[PDB]
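J.: One structure coming up, written as structure tokens, with questions to follow.
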Amino acid sequence: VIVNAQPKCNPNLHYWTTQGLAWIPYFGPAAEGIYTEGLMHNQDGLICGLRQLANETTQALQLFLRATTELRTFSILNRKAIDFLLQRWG
Amino acid sequence: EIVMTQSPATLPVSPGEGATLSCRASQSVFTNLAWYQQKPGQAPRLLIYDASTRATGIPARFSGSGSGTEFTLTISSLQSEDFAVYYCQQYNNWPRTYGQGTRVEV
Amino acid sequence: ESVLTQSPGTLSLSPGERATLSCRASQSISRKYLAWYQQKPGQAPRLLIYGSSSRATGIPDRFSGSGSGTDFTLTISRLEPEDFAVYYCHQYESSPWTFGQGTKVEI
Amino acid sequence: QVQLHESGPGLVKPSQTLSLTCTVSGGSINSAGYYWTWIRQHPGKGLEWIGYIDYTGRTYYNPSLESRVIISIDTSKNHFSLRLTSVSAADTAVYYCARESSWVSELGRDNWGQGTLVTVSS
Amino acid sequence: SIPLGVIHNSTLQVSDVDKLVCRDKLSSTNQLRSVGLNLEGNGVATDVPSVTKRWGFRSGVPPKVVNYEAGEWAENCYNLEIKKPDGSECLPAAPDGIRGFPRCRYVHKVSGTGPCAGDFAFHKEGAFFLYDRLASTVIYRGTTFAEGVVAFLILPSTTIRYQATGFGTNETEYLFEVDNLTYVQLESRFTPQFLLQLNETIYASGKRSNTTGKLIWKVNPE
Amino acid sequence: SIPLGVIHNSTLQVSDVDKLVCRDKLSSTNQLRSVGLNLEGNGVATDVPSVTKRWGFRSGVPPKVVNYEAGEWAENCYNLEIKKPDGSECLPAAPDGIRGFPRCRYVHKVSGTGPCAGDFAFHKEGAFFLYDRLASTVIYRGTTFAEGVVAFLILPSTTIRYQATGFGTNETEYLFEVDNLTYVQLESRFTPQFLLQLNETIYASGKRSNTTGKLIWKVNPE
Amino acid sequence: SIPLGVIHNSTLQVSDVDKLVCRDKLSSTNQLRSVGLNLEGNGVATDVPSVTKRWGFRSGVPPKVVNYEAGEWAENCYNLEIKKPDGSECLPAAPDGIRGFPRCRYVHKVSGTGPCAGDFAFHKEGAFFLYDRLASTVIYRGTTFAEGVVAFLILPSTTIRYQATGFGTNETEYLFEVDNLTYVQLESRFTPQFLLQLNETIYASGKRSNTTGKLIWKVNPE
Amino acid sequence: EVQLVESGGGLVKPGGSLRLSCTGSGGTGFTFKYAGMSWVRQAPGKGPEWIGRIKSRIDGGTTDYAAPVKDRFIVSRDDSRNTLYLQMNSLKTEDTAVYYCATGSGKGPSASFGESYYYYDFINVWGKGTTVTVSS
Ligand SMILES: *[C@@H]1O[C@H](CO)[C@@H](O[C@@H]2O[C@H](CO)[C@@H](O[C@@H]3O[C@H](CO[C@H]4O[C@H](CO)[C@@H](O)[C@H](O)[C@@H]4O)[C@@H](O)[C@H](O[C@H]4O[C@H](CO)[C@@H](O)[C@H](O)[C@@H]4O)[C@@H]3O)[C@H](O)[C@H]2NC(C)=O)[C@H](O)[C@H]1NC(C)=O
Ligand SMILES: *[C@@H]1O[C@H](CO)[C@@H](O[C@@H]2O[C@H](CO)[C@@H](O[C@@H]3O[C@H](CO[C@H]4O[C@H](CO)[C@@H](O)[C@H](O)[C@@H]4O)[C@@H](O)[C@H](O[C@H]4O[C@H](CO)[C@@H](O)[C@H](O)[C@@H]4O)[C@@H]3O)[C@H](O)[C@H]2NC(C)=O)[C@H](O)[C@H]1NC(C)=O
Ligand SMILES: *[C@@H]1O[C@H](CO)[C@@H](O[C@@H]2O[C@H](CO)[C@@H](O[C@@H]3O[C@H](CO[C@H]4O[C@H](CO)[C@@H](O)[C@H](O)[C@@H]4O)[C@@H](O)[C@H](O[C@H]4O[C@H](CO)[C@@H](O)[C@H](O)[C@@H]4O)[C@@H]3O)[C@H](O)[C@H]2NC(C)=O)[C@H](O)[C@H]1NC(C)=O
Ligand SMILES: *[C@@H]1O[C@H](CO)[C@@H](O[C@@H]2O[C@H](CO)[C@@H](O[C@@H]3O[C@H](CO[C@H]4O[C@H](CO)[C@@H](O)[C@H](O)[C@@H]4O)[C@@H](O)[C@H](O[C@H]4O[C@H](CO)[C@@H](O)[C@H](O)[C@@H]4O)[C@@H]3O)[C@H](O)[C@H]2NC(C)=O)[C@H](O)[C@H]1NC(C)=O
Ligand SMILES: *[C@@H]1O[C@H](CO)[C@@H](O[C@@H]2O[C@H](CO)[C@@H](O[C@@H]3O[C@H](CO[C@H]4O[C@H](CO)[C@@H](O)[C@H](O)[C@@H]4O)[C@@H](O)[C@H](O[C@H]4O[C@H](CO)[C@@H](O)[C@H](O)[C@@H]4O)[C@@H]3O)[C@H](O)[C@H]2NC(C)=O)[C@H](O)[C@H]1NC(C)=O
Ligand SMILES: *[C@@H]1O[C@H](CO)[C@@H](O[C@@H]2O[C@H](CO)[C@@H](O[C@@H]3O[C@H](CO[C@H]4O[C@H](CO)[C@@H](O)[C@H](O)[C@@H]4O)[C@@H](O)[C@H](O[C@H]4O[C@H](CO)[C@@H](O)[C@H](O)[C@@H]4O)[C@@H]3O)[C@H](O)[C@H]2NC(C)=O)[C@H](O)[C@H]1NC(C)=O
Ligand SMILES: *[C@@H]1O[C@H](CO)[C@@H](O[C@@H]2O[C@H](CO)[C@@H](O)[C@H](O)[C@H]2NC(C)=O)[C@H](O)[C@H]1NC(C)=O
Ligand SMILES: *[C@@H]1O[C@H](CO)[C@@H](O[C@@H]2O[C@H](CO)[C@@H](O)[C@H](O)[C@H]2NC(C)=O)[C@H](O)[C@H]1NC(C)=O
Ligand SMILES: *[C@@H]1O[C@H](CO)[C@@H](O[C@@H]2O[C@H](CO)[C@@H](O)[C@H](O)[C@H]2NC(C)=O)[C@H](O)[C@H]1NC(C)=O
Ligand SMILES: *[C@@H]1O[C@H](CO)[C@@H](O)[C@H](O)[C@H]1NC(C)=O
Ligand SMILES: *[C@@H]1O[C@H](CO)[C@@H](O)[C@H](O)[C@H]1NC(C)=O
Ligand SMILES: *[C@@H]1O[C@H](CO)[C@@H](O)[C@H](O)[C@H]1NC(C)=O
Ligand SMILES: *[C@@H]1O[C@H](CO)[C@@H](O)[C@H](O)[C@H]1NC(C)=O
Ligand SMILES: *[C@@H]1O[C@H](CO)[C@@H](O)[C@H](O)[C@H]1NC(C)=O
Ligand SMILES: *[C@@H]1O[C@H](CO)[C@@H](O)[C@H](O)[C@H]1NC(C)=O
């Protein structure tokens, strides 16, 4: 149901994320080193579909943020999990 | 897998006259298309990428355009050594398919 | 403030003889901020030298500046008839600019 | 910038495994954002893409050859290679080594090697 | 009313709110993901002269942020240090917890002055400034960021320096800094690689200021 | 242990914790609402002389806040700027994110001095000070607020200025400010409208100080 | 991937993530509890000379905290005020909301100087510094804390003062402060009770400095 | 290659004011990527006196003044018109002098790459000077 209407699309993603004594903050890596990395290609149209999704979700997200008072919002996905459950078992 | 279709299979042109080639995608390729010049005995030479940007070392007489499913390559005036097989490639899907190659003739 | 005073007020030498003119600043200054200018009636002053010792272009090698602290000099190794001009000091002070009073060089 | 040079046996027999190694020079394998790939010429026909190995060692193969192809890599020596099993005369082709980029600026710019001809016969 | 993408073994679908899909199983919260994508992947121009025309200043609107769990490597990140003509700052200091974007290829650091009409610099298209793992509606002073957008879904550097004048207005000018006294006029037709190549030939050949003056280069038009 | 109201097609009920009501369906989190109501709706006196007797100072207890999603328009909001006799401040600056109440009819701004025994000013009845979309246990300096309470449930300005002396104690005095040198003694029997009417007749008729002294008016007792 | 304990009428079990236990009923969120336990309950040495060898400094890593709902009384809490040799501070001021641990028997307050290599002091074994109802990865200046760990599960002071020199290094020295000019050399064999007994006999008997010099005591080796 | 020429002088009465101008060419534009510009005056029989200078915009666009003209003379520029101006107020007969514009410029080294100019903290280029007479 996603139609990518952008002038162009980078078909691939080069991504980063955050996933003995290494676990101890004192001995572990500095912040620049806590990230992992890798590539994904446009398998079955997923990457360009994803770029279009992010372009469409932007309006809803900005209106949401206008309404709230939290200086930093970390709870959008927790709310989604709760609504998911209420819709099925309310 | 995206099948790329080229046309005409053969394009005779008198030296000094320009010529154009077409390439059609089965599904949109946004801009992610390249053209290569193939001569017997050599690796294909990249001419155009991102459907319009010239590769380093490519003469101004070569130009391209297109988007979505409709792409083209234009030679404004054919010179010697412009008679070659011209292939289109899409790089938007990962099968990395190719067209058939059009044979530009004198 | 940082003020330039020239001495002697007048130089007197036959052409072909060596000439020197000095300036004393009221404040110490680094070499890179100094210059001298050459003026003749009817003309705006020529740059000659800047940065104490770096020659301006279009200027003969006979003109050479030197100095440090508060004491700077312009030396002409041989003063030619065409060089008997009024000379001035100048300093940049990293912001305000100051000119000397003007010294006459005569045969 | 990065030079790619293919090498291998030249002539192989049916049912043997073909091994082609590409030397990477003027750059390195763990370069961040690049794919190391192989392409098959099929003389007289257009090109067929074979597959890639990532800078992280992850692979993908063209489904038509998925069961016959292994691509691997050795970052201590700066080489990568194609291992094509169960060859037949149909696999005679010039094989090419190439590099591709995930970076937007270089997204459409390939680096191709010279190309090595492999003949498969009895 | 924020949409979620759903990843299937078919394609990416957008979850509805009115239609309940009984097979769209969610087994844990670890299947939910916030992803920050860059605008450069859509072909937006990234040169400094064009980039800054997408940003502007406003007052009366507070800044806000959201988090990411994952995101893209950027080819082009920006870092601004802009002052008003009277020497005061235009951009606010970044607050605790805001750190620069972790994965940039080229950082375009722009230092300079210009009018700064508002309290904060905001993105004109509504895109977010991407900081380490936080998207923000505003630009923070001295912090490296990428421009981008955020998706939500169910899963199953070289530092190039520029000087700027008139930064916050429509008619502005930029210089590429080679040395403290050596600059090259900047144009929209220059790529990051181009600038690096110019920095190597100029610096290596010694075509730099020797005197205390500024040496300003202008690229041959061809 | 905070009660929720439940809105039915009958009336408003209070949800239990021991009794589960099978028909009290909750379909989404958007049916849950935090509502800020004003104390003036219960008939509490709102004149400045009586209002300030409900507030006081204490130490050893930290301030805390909660949010609102919706709330009432206030007829009477307050804004305090109180200093100690030695010139130092009594109230803390509001922290980032605290803004004044958005919908006030009359704002009673009180500036002055008095003893300030504690660290923070707290409401004596346990009511909250209502800021934009945040209720707080304390008063912040210079910020407009309403007094009120917060309900949780399942759903299906003219600026009047005063001077004060002895602000934090039991026996205090207030003046209504007409001009820098013109004041009217304040009484608990005056309404906001009354004060505005006095400001118009006094100001319009020129019955204001002309000399450098302060002219202090006293309303006829009748 | 943080484990939960489950309390049964049998024993304490660790909840799995792969195995669902149908009888492990959770009726409300009030059955979930965060508990802060002290390290002293595991027999770790608590004297100042040994305690400080478990702490150290690092840079490049930000501090973070988590909350407790309940926790242990500590026999031994610590409070540090350490400066660099140039007079500047080693530890950051505690941020709003951080308060000292509420239930300590003896507080060991250590004031002094030493090299402070990093930005923050971190626990070397990965334990947390326990503040009122918040565990932290770092030490805050002037705030009393206990060392400890945090469990998650499903439920169904005398102030002793010391001086320090070389605080952040391996070879350091400490003194027990009796008075401004009266000190006792500290040893690892001394217990808090021992030090209190020495403070009473020395102070009560008047064996303290009378002159302006410092009187330094050394305990008989036996 | 850089040249600047003064105008706007002549006879003005004391107690009045006038604005001088100096328009040039041969540079790269005098507003940005360029040397700031100064005014210097020289009364007949006297040496040169610094008045003040307007910095280029890339250097902040401010004016540094000589003590003798503070609170009387203003140095300003008509951006992109390559013209320097001097506004002299509260004129006294002591202000009779030849007024010069001066520039810290000139061409620098070239390369196969492009062209270049230097902008200095001293003067290489002087104008002709416009005489300003202040008298009763
Ligand atoms: C999601 O995806 C869509 C599709 O790609 C994006 O749509 C883009 O929207 C922006 C506007 O927000 C378009 O940008 C330009 O808008 C100009 C109009 O605004 C001007 O004038 C007003 C005052 O009237 C000012 O306030 C404002 O600041 C601007 O100065 C147009 O005039 C522009 O067109 C001209 O310039 C472009 C330059 O690239 C030329 O190509 C045009 O031919 C023309 O000369 C321009 O339209 C932008 O173009 C839209 N994209 C596309 C592909 O159409 C969304 O923004 C995106 N959302 C997010 C968050 O990323
Ligand atoms: C335009 O082109 C020039 C020419 O190449 C670039 O200039 C180089 O910039 C890099 C990055 O800043 C410099 O690299 C680092 O310099 C540090 C400082 O060294 C100074 O002192 C030594 C003498 O002790 C001089 O020789 C040196 O020239 C400097 O004056 C070094 O300490 C660094 O080494 C250490 O850190 C690095 C990691 O950063 C480790 O890998 C090393 O092993 C070591 O531990 C390092 O050398 C480089 O020196 C500059 N070269 C010159 C000739 O100036 C410009 O940056 C470029 N501009 C743009 C926009 O591209
Ligand atoms: C929810 O709704 C209920 C019902 O309306 C409200 O109940 C009110 O509670 C307050 C107290 O919190 C009552 O206010 C007054 O309390 C005085 C006692 O305290 C004084 O003395 C102590 C020291 O012993 C001091 O610490 C304190 O500050 C006070 O100085 C009484 O003496 C008052 O009565 C006298 O004055 C009133 C003035 O209006 C006269 O009418 C009386 O006749 C009498 O002379 C007074 O009782 C208040 O009256 C209660 N309301 C009602 C209707 O009875 C809750 O407060 C409300 N909760 C929230 C959060 O809003
Ligand atoms: C007691 O009664 C007096 C008398 O009515 C009130 O005094 C008036 O107060 C209002 C509100 O502050 C004033 O309204 C605004 O004044 C601004 C300042 O103007 C000054 O300078 C002009 C000359 O340029 C003088 O004529 C003027 O008297 C002031 O000295 C104006 O800039 C405002 O206009 C602009 O903003 C408004 C929105 O706020 C727009 O609607 C306008 O179109 C415009 O863009 C505006 O006029 C009013 O001027 C005062 N009048 C007098 C005579 O002093 C007291 O406030 C009142 N006190 C109480 C407690 O009720
Ligand atoms: C959960 O429960 C387990 C079990 O009780 C605890 O395990 C303890 O782990 C610590 C280490 O984190 C052990 O402490 C000591 O480690 C020393 C090694 O590190 C040194 O050298 C490195 C550099 O190589 C430095 O970076 C470092 O700072 C140290 O200087 C050993 O050498 C120690 O052994 C010696 O000293 C002890 C002193 O008590 C003597 O008893 C020994 O015989 C020997 O001479 C020591 O091992 C600690 O011992 C472990 N405990 C047990 C019982 O073995 C976990 O830490 C705990 N987790 C939490 C969060 O509390
Ligand atoms: C080593 O041993 C010595 C000797 O016992 C200890 O010294 C005592 O320390 C305690 C705790 O600090 C002191 O107790 C409190 O002192 C306050 C200050 O009083 C000063 O002024 C009075 C005169 O007005 C002098 O007599 C007194 O000596 C001080 O100079 C008092 O105000 C306190 O009383 C009030 O508060 C307490 C609660 O804290 C209430 O219970 C009381 O009812 C009252 O409201 C209190 O007396 C004690 O005075 C010190 N004694 C002496 C002789 O100095 C050292 O602390 C100890 N060191 C260690 C590490 O153990
Ligand atoms: C930047 O914006 C200003 C307006 O704030 C523009 O100035 C106007 O330009 C028009 C021509 O399009 C003139 O007719 C007006 O007289 C100008 N107004 C003023 C106050 O100067 C300016 O042209 C814009 N510059 C750019 C590069 O877009
Ligand atoms: C304000 O509080 C003070 C106490 O702090 C009251 O003062 C006392 O008043 C009683 C009469 O009720 C006298 O007998 C006491 O001697 C007074 N004590 C002191 C220290 O002065 C004061 O009356 C209260 N004022 C008001 C208006 O309530
Ligand atoms: C504290 O650490 C330092 C090193 O930073 C130790 O110093 C070294 O000690 C060894 C003996 O074990 C000597 O051979 C080295 O020459 C010393 N190096 C320096 C720079 O002095 C020191 O011994 C340690 N102290 C304690 C008590 O552990
Ligand atoms: C530029 O400034 C730095 C100090 O910030 C100095 O170390 C360097 O030598 C300077 N370069 C030039 C050409 O002046
Ligand atoms: C700077 O370089 C130019 C070009 O080589 C030269 O003409 C000039 O004299 C040099 N300046 C100094 C101070 O050496
Ligand atoms: C009151 O003070 C303001 C300045 O804050 C001034 O503008 C106004 O004229 C003053 N009014 C009187 C009566 O002095
Ligand atoms: C102020 O007004 C009163 C009443 O009209 C008048 O008696 C007094 O003289 C006036 N003062 C001044 C300074 O005009
Ligand atoms: C120690 O210092 C305090 C002031 O901080 C003073 O009150 C006390 O008498 C001093 N004790 C001695 C022995 O000097
Ligand atoms: C301090 O006490 C010692 C031991 O009793 C004594 O010898 C000394 O003279 C005393 N000092 C003063 C200043 O009283």
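Following the order of the structure tokens, chains are lettered A, B, ..., residues in each are numbered from 1, and ligands are numbered from 1.
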Do a neighbour search on residue 93 of chain B at 12 Å with only C-alpha atoms, toss out local chain neighbours closer than 5 positions, and write the hits as a PyMOL selection string.

T.: (chain A and resi 9-12+40-48) or (chain B and resi 1-4+25-33+98) or (chain D and resi 49+62)

J.: For the residues selected in the previous step, produce a file with C-alpha atoms as a PDB file, in the first residue's frame.

T.:
ATOM      1  CA  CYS A   9      16.002   6.475  -3.968  1.00  0.00           C
ATOM      2  CA  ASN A  10      19.185   5.046  -2.568  1.00  0.00           C
ATOM      3  CA  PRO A  11      18.236   1.335  -2.915  1.00  0.00           C
ATOM      4  CA  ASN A  12      20.411   0.240  -0.064  1.00  0.00           C
ATOM      5  CA  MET A  40      20.949  -4.329   3.593  1.00  0.00           C
ATOM      6  CA  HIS A  41      19.738  -4.320   0.013  1.00  0.00           C
ATOM      7  CA  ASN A  42      16.326  -3.577  -1.496  1.00  0.00           C
ATOM      8  CA  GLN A  43      14.916  -6.994  -1.068  1.00  0.00           C
ATOM      9  CA  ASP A  44      11.470  -7.084  -2.566  1.00  0.00           C
ATOM     10  CA  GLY A  45      11.172  -3.292  -2.659  1.00  0.00           C
ATOM     11  CA  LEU A  46      11.574  -2.911   1.101  1.00  0.00           C
ATOM     12  CA  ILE A  47      14.097  -0.117   1.259  1.00  0.00           C
ATOM     13  CA  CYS A  48      12.392   2.374  -1.079  1.00  0.00           C
TER      14      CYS A  48
ATOM     15  CA  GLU B   1      13.741  -9.847 -11.048  1.00  0.00           C
ATOM     16  CA  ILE B   2      13.331  -6.792 -13.387  1.00  0.00           C
ATOM     17  CA  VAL B   3      13.500  -7.493 -17.037  1.00  0.00           C
ATOM     18  CA  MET B   4      15.104  -4.674 -18.968  1.00  0.00           C
ATOM     19  CA  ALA B  25      12.112  -1.223 -17.001  1.00  0.00           C
ATOM     20  CA  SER B  26       9.506  -3.725 -15.868  1.00  0.00           C
ATOM     21  CA  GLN B  27       9.027  -1.851 -12.585  1.00  0.00           C
ATOM     22  CA  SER B  28      10.232   1.576 -11.777  1.00  0.00           C
ATOM     23  CA  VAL B  29      13.937   2.061 -11.382  1.00  0.00           C
ATOM     24  CA  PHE B  30      14.048   5.487  -9.992  1.00  0.00           C
ATOM     25  CA  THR B  31      17.149   7.015 -11.515  1.00  0.00           C
ATOM     26  CA  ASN B  32      19.176   3.990 -10.727  1.00  0.00           C
ATOM     27  CA  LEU B  33      20.211   3.083 -14.235  1.00  0.00           C
ATOM     28  CA  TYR B  98      20.805  -6.101 -17.856  1.00  0.00           C
TER      29      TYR B  98
ATOM     30  CA  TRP D  49      25.264 -10.955 -12.284  1.00  0.00           C
ATOM     31  CA  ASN D  62      21.708 -14.640  -7.835  1.00  0.00           C
TER      32      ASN D  62
END

J.: Show which residues sit within 8 Å of residue 103 of chain D, as JSON, numbers by chain. Count only C-alpha atoms, and ignore same-chain residues fewer than 2 positions away.

T.: {"D": [33, 101, 105, 106, 107], "E": [75]}

J.: Record the distance separating atom CA of residue 82 of chain H and atom CA of residue 54 of chain H, expressed in Å with one decimal.

T.: 12.6 Å

J.: May I have the residues within 10 Å of ligand 15, computed using only C-alpha atoms and all ligand atoms, as number ranges by chain?

T.: G: 206-213

J.: Any chance you could export the current selection's N, CA, C and O atoms as a CSV table (one decimal), in the first residue's frame?

T.:
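And here's selection-v4.csv as it stands now:
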chain,number,residue,atom,x,y,z
G,206,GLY,N,41.7,14.8,76.6
G,206,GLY,CA,42.4,16.0,76.2
G,206,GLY,C,43.7,15.8,75.5
G,206,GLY,O,44.6,16.6,75.5
G,207,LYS,N,43.9,14.6,74.9
G,207,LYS,CA,45.2,14.4,74.2
G,207,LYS,C,45.1,14.9,72.7
G,207,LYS,O,45.2,14.1,71.8
G,208,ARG,N,44.9,16.2,72.6
G,208,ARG,CA,44.6,16.9,71.4
G,208,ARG,C,45.6,18.0,71.3
G,208,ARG,O,46.2,18.5,72.2
G,209,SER,N,45.8,18.5,70.0
G,209,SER,CA,46.6,19.7,69.9
G,209,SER,C,46.1,20.9,70.6
G,209,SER,O,44.9,21.2,70.6
G,210,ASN,N,47.0,21.6,71.4
G,210,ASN,CA,46.8,22.9,72.1
G,210,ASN,C,47.5,24.1,71.4
G,210,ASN,O,46.9,25.2,71.4
G,211,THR,N,48.6,23.8,70.7
G,211,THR,CA,49.4,24.7,69.9
G,211,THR,C,48.8,24.8,68.6
G,211,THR,O,47.7,24.3,68.4
G,212,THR,N,49.4,25.5,67.6
G,212,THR,CA,48.8,25.6,66.3
G,212,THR,C,49.2,24.5,65.4
G,212,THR,O,48.8,24.5,64.2
G,213,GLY,N,50.1,23.6,65.9
G,213,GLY,CA,50.5,22.5,65.0
G,213,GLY,C,49.6,21.4,64.9
G,213,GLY,O,48.7,21.3,65.8

J.: Please check which protein, DNA or RNA residues sit within 10 Å of ligand 9, counting only C-alpha atoms and all ligand atoms, and write them as a ChimeraX atom specification.

T.: /G:169-172

J.: Save out the residues we just selected, N, CA, C and O atoms, as a PDB file, in the first residue's frame.

T.:
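To be explicit, this is the file written out as selection_38.pdb:
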ATOM      1  N   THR G 169      44.866   7.488  43.058  1.00  0.00           N
ATOM      2  CA  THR G 169      45.922   6.555  42.638  1.00  0.00           C
ATOM      3  C   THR G 169      45.932   5.275  43.495  1.00  0.00           C
ATOM      4  O   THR G 169      45.056   5.086  44.340  1.00  0.00           O
ATOM      5  N   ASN G 170      46.894   4.356  43.220  1.00  0.00           N
ATOM      6  CA  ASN G 170      47.055   3.055  43.883  1.00  0.00           C
ATOM      7  C   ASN G 170      47.666   3.175  45.296  1.00  0.00           C
ATOM      8  O   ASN G 170      47.157   2.564  46.244  1.00  0.00           O
ATOM      9  N   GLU G 171      48.723   4.002  45.450  1.00  0.00           N
ATOM     10  CA  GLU G 171      49.413   4.290  46.709  1.00  0.00           C
ATOM     11  C   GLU G 171      48.894   5.588  47.281  1.00  0.00           C
ATOM     12  O   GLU G 171      49.294   6.667  46.840  1.00  0.00           O
ATOM     13  N   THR G 172      48.028   5.484  48.283  1.00  0.00           N
ATOM     14  CA  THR G 172      47.379   6.654  48.856  1.00  0.00           C
ATOM     15  C   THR G 172      47.492   6.585  50.352  1.00  0.00           C
ATOM     16  O   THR G 172      47.797   5.519  50.897  1.00  0.00           O
TER      17      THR G 172
END

J.: Once you count only C-alpha atoms and all ligand atoms, which residues end up within 8 Å of ligand 2, and could you hand them over as a PyMOL selection string?

T.: chain E and resi 158-161+177-178+195-196+199-200+203-204

J.: Would you save the residues of that selection, restricted to N, CA, C and O atoms, as an mmCIF file, in the first residue's frame?

T.:
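Output (part_15.cif):
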data_model
loop_
_atom_site.group_PDB
_atom_site.id
_atom_site.type_symbol
_atom_site.label_atom_id
_atom_site.label_comp_id
_atom_site.auth_asym_id
_atom_site.auth_seq_id
_atom_site.Cartn_x
_atom_site.Cartn_y
_atom_site.Cartn_z
ATOM 1 N N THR E 158 36.182 13.289 7.573
ATOM 2 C CA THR E 158 37.190 14.168 6.945
ATOM 3 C C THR E 158 37.182 15.654 7.318
ATOM 4 O O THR E 158 38.122 16.360 6.985
ATOM 5 N N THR E 159 36.143 16.120 7.982
ATOM 6 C CA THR E 159 35.932 17.534 8.370
ATOM 7 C C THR E 159 36.401 18.604 7.364
ATOM 8 O O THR E 159 37.573 18.972 7.285
ATOM 9 N N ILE E 160 35.437 19.182 6.679
ATOM 10 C CA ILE E 160 35.624 20.261 5.733
ATOM 11 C C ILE E 160 35.143 21.549 6.379
ATOM 12 O O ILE E 160 34.025 21.603 6.882
ATOM 13 N N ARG E 161 35.983 22.577 6.408
ATOM 14 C CA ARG E 161 35.609 23.816 7.074
ATOM 15 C C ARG E 161 35.247 24.929 6.125
ATOM 16 O O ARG E 161 35.912 25.128 5.107
ATOM 17 N N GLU E 177 37.825 26.866 3.575
ATOM 18 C CA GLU E 177 39.051 27.151 4.285
ATOM 19 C C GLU E 177 40.131 26.107 4.100
ATOM 20 O O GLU E 177 39.979 24.937 4.444
ATOM 21 N N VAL E 178 41.265 26.557 3.587
ATOM 22 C CA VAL E 178 42.412 25.706 3.332
ATOM 23 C C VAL E 178 43.380 25.872 4.484
ATOM 24 O O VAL E 178 44.004 24.919 4.948
ATOM 25 N N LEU E 195 36.527 19.435 -3.255
ATOM 26 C CA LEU E 195 37.177 20.313 -2.310
ATOM 27 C C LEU E 195 38.396 19.652 -1.708
ATOM 28 O O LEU E 195 39.421 20.312 -1.517
ATOM 29 N N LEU E 196 38.329 18.349 -1.439
ATOM 30 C CA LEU E 196 39.502 17.701 -0.894
ATOM 31 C C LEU E 196 40.624 17.691 -1.913
ATOM 32 O O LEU E 196 41.791 17.868 -1.547
ATOM 33 N N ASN E 199 42.235 21.064 -1.859
ATOM 34 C CA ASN E 199 43.009 21.255 -0.640
ATOM 35 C C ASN E 199 44.390 20.596 -0.771
ATOM 36 O O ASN E 199 45.393 21.227 -0.434
ATOM 37 N N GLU E 200 44.473 19.386 -1.396
ATOM 38 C CA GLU E 200 45.743 18.705 -1.612
ATOM 39 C C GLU E 200 46.618 19.398 -2.638
ATOM 40 O O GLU E 200 47.800 19.602 -2.381
ATOM 41 N N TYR E 203 47.633 22.995 -1.008
ATOM 42 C CA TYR E 203 48.461 22.920 0.158
ATOM 43 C C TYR E 203 49.814 22.317 -0.207
ATOM 44 O O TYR E 203 50.858 22.881 0.121
ATOM 45 N N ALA E 204 49.813 21.197 -0.948
ATOM 46 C CA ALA E 204 51.038 20.493 -1.320
ATOM 47 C C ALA E 204 51.971 21.309 -2.187
ATOM 48 O O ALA E 204 53.189 21.210 -2.053
#

J.: Write out as a ChimeraX atom specification all residues of chain G that DSSP puts in helix (DSSP H, G or I) for this structure's backbone.

T.: /G:29-31,39-42,48-54,192-205
